[PDB]
Amino acid sequence: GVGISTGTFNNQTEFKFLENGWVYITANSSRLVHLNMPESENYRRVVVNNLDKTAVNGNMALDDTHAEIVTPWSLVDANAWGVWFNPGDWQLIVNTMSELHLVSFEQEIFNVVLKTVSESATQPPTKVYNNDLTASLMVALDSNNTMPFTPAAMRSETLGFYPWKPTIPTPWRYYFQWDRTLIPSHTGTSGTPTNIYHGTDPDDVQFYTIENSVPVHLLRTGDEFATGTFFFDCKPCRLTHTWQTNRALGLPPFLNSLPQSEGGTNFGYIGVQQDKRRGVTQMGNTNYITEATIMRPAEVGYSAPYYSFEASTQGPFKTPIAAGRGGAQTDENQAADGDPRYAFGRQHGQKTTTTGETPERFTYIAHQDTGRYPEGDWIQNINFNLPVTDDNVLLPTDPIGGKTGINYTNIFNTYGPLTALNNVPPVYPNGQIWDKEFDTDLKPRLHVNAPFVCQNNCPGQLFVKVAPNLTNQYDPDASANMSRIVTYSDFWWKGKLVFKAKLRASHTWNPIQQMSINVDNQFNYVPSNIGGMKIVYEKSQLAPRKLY
Amino acid sequence: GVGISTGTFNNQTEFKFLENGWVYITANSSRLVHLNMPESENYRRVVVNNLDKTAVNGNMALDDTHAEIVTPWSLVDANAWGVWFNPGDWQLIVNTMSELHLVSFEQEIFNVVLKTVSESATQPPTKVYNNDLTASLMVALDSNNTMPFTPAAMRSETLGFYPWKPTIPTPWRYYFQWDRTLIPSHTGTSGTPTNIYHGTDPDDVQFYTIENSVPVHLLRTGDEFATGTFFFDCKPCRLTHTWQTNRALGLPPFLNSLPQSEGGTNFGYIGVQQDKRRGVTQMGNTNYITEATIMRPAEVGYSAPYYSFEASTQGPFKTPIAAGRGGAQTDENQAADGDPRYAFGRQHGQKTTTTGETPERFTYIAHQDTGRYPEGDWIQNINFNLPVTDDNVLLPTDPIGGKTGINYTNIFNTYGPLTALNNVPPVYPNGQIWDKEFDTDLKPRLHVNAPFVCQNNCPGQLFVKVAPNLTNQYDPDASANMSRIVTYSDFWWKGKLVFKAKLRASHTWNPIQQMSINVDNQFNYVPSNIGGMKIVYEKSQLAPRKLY
Amino acid sequence: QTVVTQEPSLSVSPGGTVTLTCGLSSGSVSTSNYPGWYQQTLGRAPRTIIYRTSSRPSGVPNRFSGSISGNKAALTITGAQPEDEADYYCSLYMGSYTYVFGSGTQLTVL
Amino acid sequence: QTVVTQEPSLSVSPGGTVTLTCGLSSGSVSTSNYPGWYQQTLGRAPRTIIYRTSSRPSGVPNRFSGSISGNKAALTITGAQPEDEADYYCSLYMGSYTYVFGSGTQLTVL
Amino acid sequence: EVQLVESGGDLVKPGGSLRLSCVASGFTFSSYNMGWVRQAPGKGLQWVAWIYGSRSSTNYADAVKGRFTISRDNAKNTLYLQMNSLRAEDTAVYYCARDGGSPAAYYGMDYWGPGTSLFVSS
Amino acid sequence: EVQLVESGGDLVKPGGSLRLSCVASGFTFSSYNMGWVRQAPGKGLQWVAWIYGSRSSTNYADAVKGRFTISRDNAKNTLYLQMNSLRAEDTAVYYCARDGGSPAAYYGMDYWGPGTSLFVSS
């Protein structure tokens, strides 16, 4: 009814420990969600065009041309790690657990409140807010996944990460098909590169509406909505990283001479000439057996063209890579391709008291060593006459195409049947948790944006809207915009995310890396004197595991 | 038989996780123990006397005068944390667990080998080692605890901490009663202070022998000995520290004015005059209610005379304290009374390749804040007229007894019915695990050397000896020493220590302190290029818990 | 010790083409040396003309071109202007993280 | 500003008793000031005579005694020897971690 | 945009020490390898020191090894060159140098400061 | 046993900088609070700087605040006094001072070094 609550606030994470080292981690997340009535009650097909920016030669990477259907609905998205765990919970998970499973998801809307705003004609602004007890909130659960999948974490538009801070839903929109051509150029190109937007292909048109595709529930102040429990079928997520490169696979060479005194200058020596050694190599025309030429079971990681942009029907897009750059751990400035960069606002980890539109940014460096150091790569002749001469070796400094800033590694691909790689680690708090699998016939082996992928399906998107609150002067025949009473809603969203995790075991004599609070990061986890909070990112795959 | 093994080497720690967040931690420890035949086959009553050292005025703290029975037996002691856990196991325990229980203990001796040494008459030394298949090893388990309790961890004489490094037992001895008087002096005292050893009281004589008190088993090469499982009845051991001082107990004062801008210079203010405030204080003659005078439920910690030496029948001994010094965490140089200092050799954590008799030493600073900062203490008149004048206040800088280096805090005791304190934390790897309770009528509330105390009893001490290997010329009537064939033994000792522990829970938004490997301590856990190992100490009570 | 040799002095008429060369007494200059060319006027700090043997910083006129000729680095000024008269210094990346600088060439526009 | 005042010059006959005093222009000297007394000879570094107002370092003759007299620190030399003629400096601990030094007293043994 | 300003150059007697400070603006200071070059009066440019990487690894020319120390403070966006046991041969104008390639270094001085003169004379 | 040796004192022009280094031996350097005192030519002793605690907290006299920096390296058992913007009033003999009370400081100079002379003159 009007004066009866329809739900309870719960934001507790429970760790129920099972037998055999397994734990059920049920994270509860409760938020107060504020929603305004849509700017327009219609669906719009809006073409965003920034040909001015890309008309500058060399700016083709800044292309934003696209077409989107803007809908009157808003999306309630909780597909981010920060929506579910605080730094203490994440510390417990990443320190005491070795693998993580995604078990189930539930969400519900309760304690719906709808208020109308009456603004007076007095010259200084003044307004009052009245409860509209008969107003309704339109809630649609796309449990069949009919609507396009538009996760908000990629735009930093999920629910807020603070239980005590009210959050908002994101206005929903989806991509409409378009055709676009953009010939790349550079500073110094003469003429106007081909840069046109060709329109839309009629055979690819797909105009979706929530009304025609999903059942819609009208919730009054005394109503509540529950989606029901959804159960995932994803793969386990490892909370351990691998450190072994191809150089550290298998049996090391026997050292016939060992150091007689400790110290950094004292080295063990194999004691056998490199061309007189025993072993197996894939180089059938050389007698040298070294750490770089000896046979290994397979290849850890792969090389791909980095900062390569491929053009397709809808324009250019960067070629993704599964693994981050090698050497970003020895030198943090080397983080670039494959090291995801997260930019977020005050709702999602940035200092809440900051002013301005500049977001808080961080580049994530994974502990796994599956990356590549292209500056140390090279190609050489099949003859393999050592030491190699100039014409028989292609080095990373050799120009490709006549460009001194482009080398073969930029266009180099080593993906093959022997490539072995890991899934992307969870990124806390701004990383996505689960992502829908592509509906293609042949599917990618992994996604670079979420550690869990939906093989069959994952829970339907939740859409909310303020039902039209018409005045007495509504005329559907009029071409002017619908006249509505200014209405807004505040409702409580509660979600339950259930994981299954395995407790880690100590395999080595030495201790391992753990996340800990210290003097440097001590104040990143507590509020300031005025209430300013923040959530800094945390690494997940802290403990190491042996690859081979 | 001769060619049949009687046991298996096991040095694995198993973490079997139970329901409700409990885990059984069974640590297995296997060692190769080398034992030489005793220097003498007799019991000796030896008086150690160093009156020369203490005859120097001011050196009374260096008194070593005592009397001990030296026995032909050796003690096998595994009552140290390093005997059971490696740094990885300890990291897991201290990071993932909140409390620890001592469940059970087992030990056994197997694969007994006895060898005789034949030394040739050739001028350059040369010798051979022959198996004495009929020789015996005498093993006595004092399961009834008849013999004096002499834990070896206090002398750094337990078994080695490395599974792959053979260890030795410690020759066993116990204290014999003696009377000693030593009048304290100082540099500048005139005359010879009273310094005598008065002998032994006949009413306190207690001469123990293993033969007359314990059953003795004769183990040949094909024999093994098992003590059987012993079960403890000790109290739980907390793996969390308390941070709350009396200044942080209860409801804080309400701040009527809060800072309007974040920054270290912006403070909240109570907004009420200290003499106009409301609350409860134990000072019935003052209207001031402040953070230092407001009533608290009880007292956390206590003050005691530090570096006070009490003399008794057998001489002077330092007065122990339960808690360490306050401020040793803000300034590591303040560690002194109550902060245990451990000195150990190469068997028990010191770099195994070091040379010399200098031991490796470390002072343990506990994370618990139950200590005292005597420099901030003071006494003042009951009148309590503020600001206090010279004659109405006794400060830590005021001489006591006319000595400018002694103040009231040196003789100050605040232990009372309101005192609340914690048990001593485990010290890894050199700390003792369990200790026998005193047989007095009134027993101490805790022990400062081990976190677990034996209420009724704890497992009997294990004594080993090489059975006499006589030559053909033995004559018991001769007053000369017994002539024996030079014999020694090597046997494998295996022990199982079972703990019950509770997994910790995340109670706060922020993360907590965890033990982690880093660049600074990275090489403290791995061998050097020549095999040099070490075991640095680790703190146990890392996570905090609320006292009130 | 590494020594970088370049013409001590060079001349060019206005609107002409001139080439300044930078070699090594022992060895050859390649793109692995990342030859850099910097321009310095009297009483002023050096100005970067070329980096990575071909890249001129934004604002550098196109008349300056960097290349690798033979076993040396070459800086070619085509249509040299009066303001191009200055001391041009060549920097070679000698591996590891060591840099070497040439003696410098004083280019005067007639 | 804290100012430590002590007698600029003092004299004592051999075998006699002399007292050097160290006070504060504003305030009084107590054991909380940890008065220290240091002896300096011509062309030599200072030598610590007294610390904590009563403690003389090992090797300091017993004829040097530190005390608190009235509202000042006192260094008494009894049976003064010829080698005691030197500049005696007084140090006061001014709270927190601030130290102040007196002007110094030139003690000459007649 | 990218600006480097050097300071601390002053007349100093032989055998002394001096710290040159380079303030950088218009770019992320910590993301670029920095260095110090020097030009003697009437002589050509000579590389002095280089600081590179997130670990602040340092390399020095043979003429200043053991005597010069190159460091950086990214909080202040400052580069410090501390010279000890200064000689008459160290008298010169010292230029701040910034490499423009953060993830792929140009291995050449992308930006230069105005320079600070240091005179060593008895 | 306990020995302190100061070095680095040299003639320097006004406005310059100089680092005095104090090497300590015969005791655990990190366990004792250290300091720098100074005596002007013909003047009395004046406290300059103090370093105390395991956290290396530093305090300075008003005459040298902002200009002097006191630091310590326990690995080298060394105490560093870096003076910047040296004035003619800074000309004096600087003495290393060691407090003998590790857990209970004497709050007085227990041990002194021979001292190093610093002359500031144009």
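Respectively, the protein sequence lines represent chains A, A', L, L', H and H'. A prime marks a further copy of an entry chain.
Count along the first sequence from 1, then add 36; that gives the number in the authors' numbering.
Count along the second sequence from 1, then add 36; that gives the number in the authors' numbering.
Going by the authors' numbering, 105 is the number at position 105 of the third sequence; the sequence numbering is gapless.
Going by the authors' numbering, 96 is the number at position 96 of the fourth sequence; the sequence numbering is gapless.
Read in order, the letters of the fifth sequence are residues 1 to 103, 104A, 105A, 106 to 122 in the authors' numbering.
Read in order, the letters of the sixth sequence are residues 1 to 103, 104A, 105A, 106 to 122 in the authors' numbering.
C-beta atoms are modelled at their ideal positions from N, C-alpha and C, and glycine is treated no differently.
- Alpha carbon to alpha carbon, how far is residue 50 of chain L' from residue 17 of chain H'? Give it in angstroms, no decimals. 35 Å
- Who are residue 34 of chain H's beta bridge partners in DSSP? H/51 and H/98
- Excluding sequence positions up to five away, which residues of its chain have a Cβ less than 6 Å from the Cβ of residue 322 of chain A? 420
- Message: Is there a Cβ of chain A sitting closer than 8 Å to that of residue 515 of chain A', yes or no?
- Response: no
- Task: Please name the residue in A/143, A/507 and A/43 whose C-alpha comes closest to that of residue 262 of chain A.
- Result: A/143
- Query: Using a C-beta cutoff of 8 Å, does residue 122 of chain H count as contacting chain A?
  - Reply: no
- Item | Between the CA atoms of residue 484 of chain A and residue 190 of chain A - distance to the nearest angstrom | 11 Å
- Item | Amino acids of chain L, ordered along the chain, whose beta-carbon sits closer than 8 Å to that of residue 18 of chain H | Ordered by position in chain L, no residue passes the 8 Å Cβ test against residue 18 of chain H, which lies about 20 Å from the chain.
- Query: Quick one: complete beta strand (DSSP E) runs, 3+ long, within the stretch 97-177 of chain A'?
  - Reply: 102-112, 133-155, 163-167 and 173-177
- Query: Over what stretch of residues does the alpha helix (DSSP H) that includes residue 246 of chain A' continue unbroken?
  - Reply: 246-249
- Query: Exposed or buried, residue 42 of chain A', counting other C-beta atoms within 10 Å across all chains shown (16 or more means buried)?
  - Reply: buried
- Query: Alpha carbon to alpha carbon, how far is residue 574 of chain A from residue 462 of chain A?
  - Reply: 9 Å
- Indicate the three-state DSSP secondary structure (helix, strand or coil) for residue 32 of chain L' in the structure shown. helix
- Message: Measuring straight from C-alpha to C-alpha, what distance separates residue 497 of chain A' and residue 116 of chain A?
- Response: 58 Å
- Query: What number of angstroms, rounded off, separates the C-alpha of residue 47 of chain A' from the C-alpha of residue 112 of chain A'?
  - Reply: 17 Å
- Task: Could you say which of A'/490, A'/152 and A'/364 lies nearest to residue 402 of chain A' if we only look at CA atoms?
- Result: A'/364
- Query: Does residue 47 of chain L have its Cβ less than 8 Å from a Cβ in chain A?
  - Reply: no
- Query: Under 8 Å between the Cβ atoms of residue 22 of chain L' and residue 6 of chain L'?
  - Reply: yes
- Query: Looking at C-alpha atoms only, which residue of A/489, A/292 and A/359 is the closest neighbour of residue 371 of chain A?
  - Reply: A/359
- Message: When you compare the stretch 1-16 of chain H' with the stretch 4-18 of chain H, are there three or more beta-carbon pairs, one atom per stretch, that lie closer than 8 Å?
- Response: yes
- Are the beta-carbon atoms of residue 285 of chain A' and residue 525 of chain A' separated by less than 8 Å? no
- Message: Which residue marks the beginning of the beta strand (DSSP E) containing residue 532 of chain A, and which one marks its end?
- Response: 523-539
- Buried versus exposed call for residue 99 of chain H' [16 or more other C-beta atoms within 10 Å across all chains shown]: buried
- Task: Using the Cα positions of residue 307 of chain A and residue 398 of chain A, report the straight-line distance between them to the nearest angstrom.
- Result: 47 Å
- Query: Can you give, in chain order, each stretch of the beta strand (DSSP E) that sits fully within the stretch 383-431 of chain A' and has at least 3 residues?
  - Reply: 396-399
- Taking residue 3 of chain A as the query, report the chain L residues whose CB atoms sit under 7 Å from its CB, ordered along the chain. Not covered by the structure: residue 3 of chain A. The range shown for chain A is 37 to 584.
- Item | contact_flag[the stretch 279-293 of chain A', the stretch 410-418 of chain A'] where n(CB pairs < 8 Å) is 3 or more | no
- Query: For residue 225 of chain A' versus residue 93 of chain A', is the C-beta spacing smaller than 8 Å?
  - Reply: yes
- Message: the ligand NAP and residue 158 of chain A: does any heavy atom of the ligand fall closer than 7 Å to the residue's C-beta?
- Response: For the structure depicted, the ligand NAP is absent and the ligand set is empty, with no information on it obtainable.
- Message: Quick check on residue 40 of chain A: buried or exposed, where buried means 16 or more other Cβ atoms within 10 Å of its Cβ?
- Response: exposed
- Can you find a C-beta in chain A' that's less than 8 Å from the C-beta of residue 542 of chain A? yes
- Sub-8 Å separation of residue 568 of chain A' and residue 450 of chain A' beta-carbons: no
- May I ask you to list, following chain order, the residues of the stretch 31-54 of chain H' that have a beta carbon less than 9 Å from some beta carbon of chain A'? 31, 32, 33, 52, 53 and 54
- Task: Output yes or no for whether 8 Å exceeds the beta carbon distance between residue 538 of chain A' and residue 134 of chain A'.
- Result: yes
- Query: Once you ignore the five residues that flank residue 349 of chain A' on each side, which residues in its own chain have a CB closer than 7 Å to its CB?
  - Reply: 215
- Task: Put residue 40 of chain L' into one of helix, strand or coil per three-state DSSP.
- Result: strand
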